[PDB]
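Quick note: the coordinates plus some simple rules give every number you see, no bench work behind them. FYI the Cβ positions are ideal-geometry reconstructions off the backbone, even for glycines, and counts take in every protein chain you see.
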Amino acid sequence: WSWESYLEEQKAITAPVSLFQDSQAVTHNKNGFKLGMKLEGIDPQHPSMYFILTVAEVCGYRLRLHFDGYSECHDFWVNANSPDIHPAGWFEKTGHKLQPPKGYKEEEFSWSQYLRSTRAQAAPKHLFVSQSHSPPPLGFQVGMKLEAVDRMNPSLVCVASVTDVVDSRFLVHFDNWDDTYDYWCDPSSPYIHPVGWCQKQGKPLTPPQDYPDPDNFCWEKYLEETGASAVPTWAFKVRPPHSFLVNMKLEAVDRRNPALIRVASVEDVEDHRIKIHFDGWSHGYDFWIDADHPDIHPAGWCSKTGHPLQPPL
Amino acid sequence: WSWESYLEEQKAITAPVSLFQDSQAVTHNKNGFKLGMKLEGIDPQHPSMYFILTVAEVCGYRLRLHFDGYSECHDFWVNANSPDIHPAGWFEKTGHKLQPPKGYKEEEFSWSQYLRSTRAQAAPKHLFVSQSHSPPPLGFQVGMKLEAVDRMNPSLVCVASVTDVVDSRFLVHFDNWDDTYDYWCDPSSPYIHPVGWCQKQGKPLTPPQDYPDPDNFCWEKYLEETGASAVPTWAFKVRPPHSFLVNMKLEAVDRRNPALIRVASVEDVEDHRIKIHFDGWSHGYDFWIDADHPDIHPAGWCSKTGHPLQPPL
Amino acid sequence: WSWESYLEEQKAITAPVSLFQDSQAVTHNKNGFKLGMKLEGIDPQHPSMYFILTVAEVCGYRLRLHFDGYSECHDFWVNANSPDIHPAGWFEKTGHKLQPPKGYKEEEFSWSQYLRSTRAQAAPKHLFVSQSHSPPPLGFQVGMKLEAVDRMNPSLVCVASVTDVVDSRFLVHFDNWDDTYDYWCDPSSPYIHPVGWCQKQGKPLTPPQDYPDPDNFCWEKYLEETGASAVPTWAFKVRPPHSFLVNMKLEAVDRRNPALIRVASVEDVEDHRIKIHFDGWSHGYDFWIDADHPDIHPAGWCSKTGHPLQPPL
Amino acid sequence: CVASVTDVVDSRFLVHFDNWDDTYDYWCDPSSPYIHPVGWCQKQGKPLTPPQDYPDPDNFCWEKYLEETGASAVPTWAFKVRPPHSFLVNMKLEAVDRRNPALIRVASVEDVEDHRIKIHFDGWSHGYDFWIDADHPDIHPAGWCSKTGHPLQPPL
Amino acid sequence: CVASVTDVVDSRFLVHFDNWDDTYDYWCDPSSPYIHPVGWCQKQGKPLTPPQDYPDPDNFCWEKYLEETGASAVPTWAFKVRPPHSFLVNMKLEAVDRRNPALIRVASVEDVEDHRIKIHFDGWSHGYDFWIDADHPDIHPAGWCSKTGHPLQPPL
């Protein structure tokens, strides 16, 4: 199988490298992660929470992470340039809570002790793109409030708060809802708006879960009661729409079997998202994904990084 | 988008209309081809051979042709003023052979009966710019001999024959070779030369495939032996070099997906060819093309003919 | 009146929005068609033929179209997102034939000149959802063959051809028959089947009108003889049965006077059709309709688009 | 003149003059005395004015203008006969003053045609007398102002 | 372009382009395929070139221009259809040499339009080929030179 022969055969064009973020395209960085290394990272399902993680597998510029003490059914894959992982020690130096290995107490866990117990090595610091050392996102402080789209229920724009800040990004949290709805963004995210945006746009605003008087939610009173400030309007930036076009081909990780990356096509577009189709598979497996998502890549990425590529059905 | 605003922002000019052949520039002719019409035409991969074709798609002044009985994977695009297509009945009336639809036999095929059996419409004669109702190109009669550059292997100038004449054009065939290397041209073509030109210029001439005694190749006796005359030297006209300049902009079909036409730029020039660059794409997709190629057009061609134009990426 | 109070008094539910095609449900698009605008479209009684049409009336997201030069008794209603109407100039740019206004001749007609003579405005291109600017429905090329149910005589499955392709849809034509029986559909249509389906299912296949030797009807030789390919079986997709249930309420155009839309109920169901009952009217006016028909809509459609809703009688 | 229907709203439609500004347009209904079926001029004796800047004006042909514009003429059965009004000279009424339309005045019928009346404002000069269509929205029966709560200007 | 009749001599008239060099002027008759009545461009949807140095080049209007200039349009009835010529490609004839007008040469019809022919001088480069109106006084039937006593130049 080759991309060159397949494109000639299909009279098709790949999405150029120029349409991707540098982080999605870069193939010349080596993967320094090695089996058994220990580190810290967010649970992709609960992006506000941090766990002790171990490198269980490496494949090209990707690695599979295992939650120490928990079942292997929870293992997940990230790129070696992921900002959602951090070196041993990072949580304690930056004000983040550790969920310790199964059966430990928070107060009970110490990296020194754990590494002695396991005789394991911590992943070296120099591997990690994110250590909370770079300038923060301008204008977004922890504790400030804003209006945000519930990416799980995208018809809802909701009262939300900044609850975390790491390097150039911040975490959006939906007031008094499960942290499973939280997501990381930057100032240009198309999913966030200043306080007052819904009322100015004539959209209903979804109030906090279990808000005492759900009927008459008022931002001014809520901000006062909560000792909170709005993110100032100047901080919000326009992200330009992406330049991907329908029928362009690319490589995308399989959501159902994330170990796998497949030949894919752009099936549809929005301003900030693309709809992925896996060539040769049912359109029933098609899915929408943000254009900046870390698991889409230009054609060639797998061969240049050493990751196997699944040809079309 | 708009050419006008593009030219201002880029501080650039378009290749003037006068630089193009009338046939590449003409926008004011309507496309009278309709879905399902039947006709005859050359196979672009075997330019000496004629097949039954059906109009499968129309886009502006272009059409996509299907080889009757064969796979749709062979379909190809032409312009409505293509001289490489002819009305039903042309082959018989002009001394050409028709390769029939898949599963027929040359002499099993009758247009009357085919049309009855399909209930299809033959494309009307008046649509075609080439019907062999013009007197031939002066001095180029079938069977005559000349020296020609193998456009596939441009360092070779070779023993070649005229094997087909249609309106103002004729077919150049390489003696003892596949029709695969053949090409259509006219008497001003820069790829052809009178008998003796090589000798008189210094360059070696490639004789017919598997000729007896190749270095000892003698034209005046090849000629007497084949009962052929060389094309008279007075026949070969001087096409002047084109006047395209680097950085001029135009519109060009994308060879990767020929359904598409794009904003393009002149990246380089030779006497009779231009190197095309698609604005906003990698220089890796840059390609050489004959100045007189049917698939380059002046700015505004798409707009005036009703074909989409791909703006720069 | 109000849906809300109606549902309480009847102790009933409305057919949810999710049950409908997006095209049947969408209310938030404005109707940009204006009185007197000119365009092209199919004749609903001769679905293979295109005529010049004028906007005669606008009501909410619907419009009434007039055949230029002909009687107003032929006027008909469509939705503003109809794929059966196209901008001025479309026929020429896409290989379709235009039947001209009464008293003209196909080739006497020019849009430039018609617009000058009438001083009329062509409806702007951006209004149309169907302009042949999308790539076709996969595997369905013009001239290809299939088996189809005669929607007029549903016990018959018949030899049929693709004769028209426009955006995601194509026209099914019965071999040797009037266009009167033709219908538009897409590859998930439940009325179409690959070549051989009848034989493989047990049912008899109706051959072309006035074919020689009907019981002795052979597909692979009909095919070789017509220079046609059958539509490949991989092309035919499985539309799942709709999920409408008896007693769900909705809004539906009244076929007796199509200017009107009414409160309606699901009286019965098949896999791909629903039987409509108009609340407060006799069951004698109950009628069967395809679930995907453009003239059924979710509760609130009229209200959101600005079309009157007939309350129950 | 040659004219078209360009707008329809409820029981009314807009009459437009072909090749002319909308400045001359007017709304009416099928009983309007200002409109006529195609051919009426020819059949009555009067000359018909063709579209502005038409090619070859005296040689103006309707059935071919029609075929050429993909238009039909309004059918003759459509044009209804408004009967002449029954106002008589000296009857009194209330009428908006065109000089200052905020005002309505006591008025008199000074003259009549089949479909128009000439209005005189009692106590004012006959110089301000003006012609108006009987069906104009700005003439009203005596007592209209009083019953609707609009001041009535008494005679001067 | 906007133009005027500035001369009349026998059966012909001179066409002049308003406020342009008289070098652009040409003689014709009523059937000339190069002239049209006032309004033709607008009826055909072609741009009309206004007079040189027209005070407001943007909004040229024939009605106003005619009034300002004290001028009338040539009436439409005066313009006649000239039938296309009947010359066919490859027919041979005699034509004066534009470069050396003392000379008349053997010539061929290289191409045709409705009212013009393209002349090729047999034996010379097609680079010397030229379009000429079918009625031009310097093309002639074969034999014209010998019958009038003018030398004829044979083909190159």
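Restricting the count to DSSP beta bridges whose residues both fall in chain E, what percent are antiparallel, rounded to a multiple of 5? List each step's numbers first, then the result.
Numbers: 25 of 26 bridges.
Bridges in chain E that DSSP calls antiparallel: roughly 95 percent.
Does chain C come out rounded, prolate or oblate, given a ≥ b ≥ c as the square roots of the eigenvalues of its C-alpha gyration tensor, rounded meaning a/c under 1.5 and, failing that, prolate meaning a/b above b/c?
Details: a/c = 2.07, a/b = 1.14, b/c = 1.81.
Judged from the Cα gyration tensor, chain C comes out oblate (a/c at least 1.5, b/c at or above a/b).
With the Cα gyration tensor of the protein assembly as shown giving a ≥ b ≥ c as the square roots of its eigenvalues, does the rule (a/c under 1.5 for rounded; else a/b larger than b/c for prolate; else oblate) give rounded, prolate or oblate? The partial results should precede the final answer.
Working: a/c = 1.72, a/b = 1.07, b/c = 1.61.
Oblate.
Could you work out how far apart the two model spin labels at A:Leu138 and B:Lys304 are, taking each label as a point 7 Å from the Cα in the direction of the beta carbon, and quote it in nm?
Output for this residue pair reads 4.8 nm.
Take every DSSP beta bridge with both residues inside chain C and express the antiparallel ones as a percent of the total, to the nearest 5. Walk me through the intermediate numbers first.
On the way: 50 of 57 bridges.
Percent antiparallel among DSSP bridges in chain C is about 90.
Between E:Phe87 and E:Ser11, what FRET efficiency follows from the Cβ-Cβ distance if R0 is 25 Å, with the result rounded to 0.05? Let's see the in-between values first.
Numbers: r = 23 Å, r/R0 = 0.93.
That pair, E:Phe87 with E:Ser11, gives E of 0.60.
Between A:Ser155 and D:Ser146, what is the label-point separation in nm under the 7 Å Cα-to-beta-carbon projection?
Between D:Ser146 and A:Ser155, the label points sit 6.0 nm apart.
Taking 2.2 N^0.38 Å as the expected size of a compact globular protein, what ratio does the Cα radius of gyration of the range A:30-133 give against it, to two decimals?
Values: Rg = 12.6 Å, N = 104, 2.2 N^0.38 = 12.8 Å.
Cα-based Rg divided by the globular estimate yields 0.98.
When the Karplus curve 6.51 cos²θ - 1.76 cosθ + 1.60 is applied with θ = phi - 60°, which whole-Hz ³J(HN,Hα) does each residue of the range A:139-146 get, with x for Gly and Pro?
Running phi through 6.51 cos²θ - 1.76 cosθ + 1.60 with θ = phi - 60° gives x, 9, 9, 3, x, 6, 10, 6 Hz.
If neighbour count is taken as other Cβ atoms inside 10 Å, put C:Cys59, C:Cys73 in order from fewest to most.
Values: C:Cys59 17, C:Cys73 6.
Ordered from fewest to most neighbouring Cβ atoms within 10 Å, C:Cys59, C:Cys73 come out as C:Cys73, C:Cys59.
Using Cβ contacts closer than 10 Å as the measure, can you line up B:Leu250, C:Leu138, B:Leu63, B:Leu127 from fewest to most?
Numbers: B:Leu250 23, C:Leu138 13, B:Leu63 26, B:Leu127 19.
With the sparsest Cβ surroundings first, the list reads C:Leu138, B:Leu127, B:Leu250, B:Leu63.
Could you please report the charge total around C:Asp175, scoring K, R as +1 and D, E as -1 over all other residues with beta-carbon less than 9 angstrom from its beta-carbon?
Local charge sum for C:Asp175: +2.
Percent of Cα-Cα pairs more than 22 Å apart in the range A:134-241, please.
Here the tail beyond 22 Å accounts for 25 percent of pairs.
Using alpha carbons only, how many angstrom separate the centre of the range D:134-156 from the centre of the range E:30-73?
Cα centroid of the range D:134-156 versus Cα centroid of the range E:30-73: 54 Å apart.
Between D:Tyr54 and D:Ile132, what FRET efficiency follows from the Cβ-Cβ distance if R0 is 25 Å, with the result rounded to 0.05? It would help to have the intermediate numbers written out before the result.
Details: r = 33 Å, r/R0 = 1.33.
Computed FRET efficiency for D:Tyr54 and D:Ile132 comes out at 0.15.
Can you sort C:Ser132, D:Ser108 by how many other beta carbons sit within 10 Å, fewest first?
Lowest to highest Cβ neighbour count: D:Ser108, C:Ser132.
Which residues does the label zone of A:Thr180 cover in the range A:56-81, counting backbone N under 12 Å from a point 7 Å along Cα→Cβ?
Correct set: none at all.
Beyond a 18 Å Cα-Cα separation, which of these cross-linked pairs lie in this structure: A:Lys105/A:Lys125; C:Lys34/C:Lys125; A:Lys203/C:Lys304; E:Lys92/E:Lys118; A:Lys93/A:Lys125? Numbers along the way, then the final one.
On the way: A:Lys105/A:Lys125 25 Å; C:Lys34/C:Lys125 13 Å; A:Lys203/C:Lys304 16 Å; E:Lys92/E:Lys118 12 Å; A:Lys93/A:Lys125 13 Å.
Table pairs above 18 Å Cα-Cα are A:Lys105/A:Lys125.
As a test of the formula, what do you get for chain B when each DSSP H run with n ≥ 4 contributes -39,500 (n - 2.57) and the sum is divided by the residue count, at 222 nm and rounded to the nearest 500 deg cm²/dmol?
Numbers: 7 runs with 42 residues, N = 313.
Theoretical 222 nm ellipticity from helices: -3000 deg cm²/dmol.
Apply the Karplus curve 6.51 cos²θ - 1.76 cosθ + 1.60, θ = phi - 60°, to the phi angles in the range C:69-77 and return the couplings in whole Hz, x for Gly and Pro.
So the Karplus estimates, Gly and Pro as x, are x, 9, 6, 5, 5, 8, 4, 8, 9 Hz.
Say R0 is 60 Å: what FRET efficiency, to the nearest 0.05, do B:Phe76 and D:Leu103 get from their beta-carbon distance?
Details: r = 79 Å, r/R0 = 1.32.
Computed FRET efficiency for B:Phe76 and D:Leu103: 0.15.
Assuming a ≥ b ≥ c are the square roots of the Cα gyration tensor eigenvalues, decide whether the range E:1-84 counts as rounded (a/c under 1.5), prolate (otherwise, with a/b larger than b/c) or oblate.
Details: a/c = 1.73, a/b = 1.36, b/c = 1.27.
Here the range E:1-84 falls in the prolate category.
Excluding E:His115 itself, calculate the net charge of residues whose Cβ lies under 11 Å from the Cβ of E:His115, where each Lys or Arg counts +1 and each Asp or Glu counts -1. List each step's numbers first, then the result.
Values: positive: E:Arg82, E:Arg116; negative: E:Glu113, E:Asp114, E:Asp133, E:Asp135.
That works out to -2.
Please list, in order along the range A:256-273, the HN-Hα scalar couplings obtained from phi with the Karplus expression 6.51 cos²θ - 1.76 cosθ + 1.60 (θ = phi - 60°), rounded to whole Hz, x for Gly and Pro.
Working through the residues one at a time gives 7, 10, x, 4, 9, 10, 10, 5, 9, 10, 6, 8, 7, 10, 10, 5, 10, 10 Hz.
What does the charge count around B:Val231 come to, taking other residues whose C-beta lies under 11 Å from its C-beta (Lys +1, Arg +1, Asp -1, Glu -1)?
Numbers: positive: B:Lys145; negative: B:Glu147.
With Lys, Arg at +1 and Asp, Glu at -1, the neighbours total 0.
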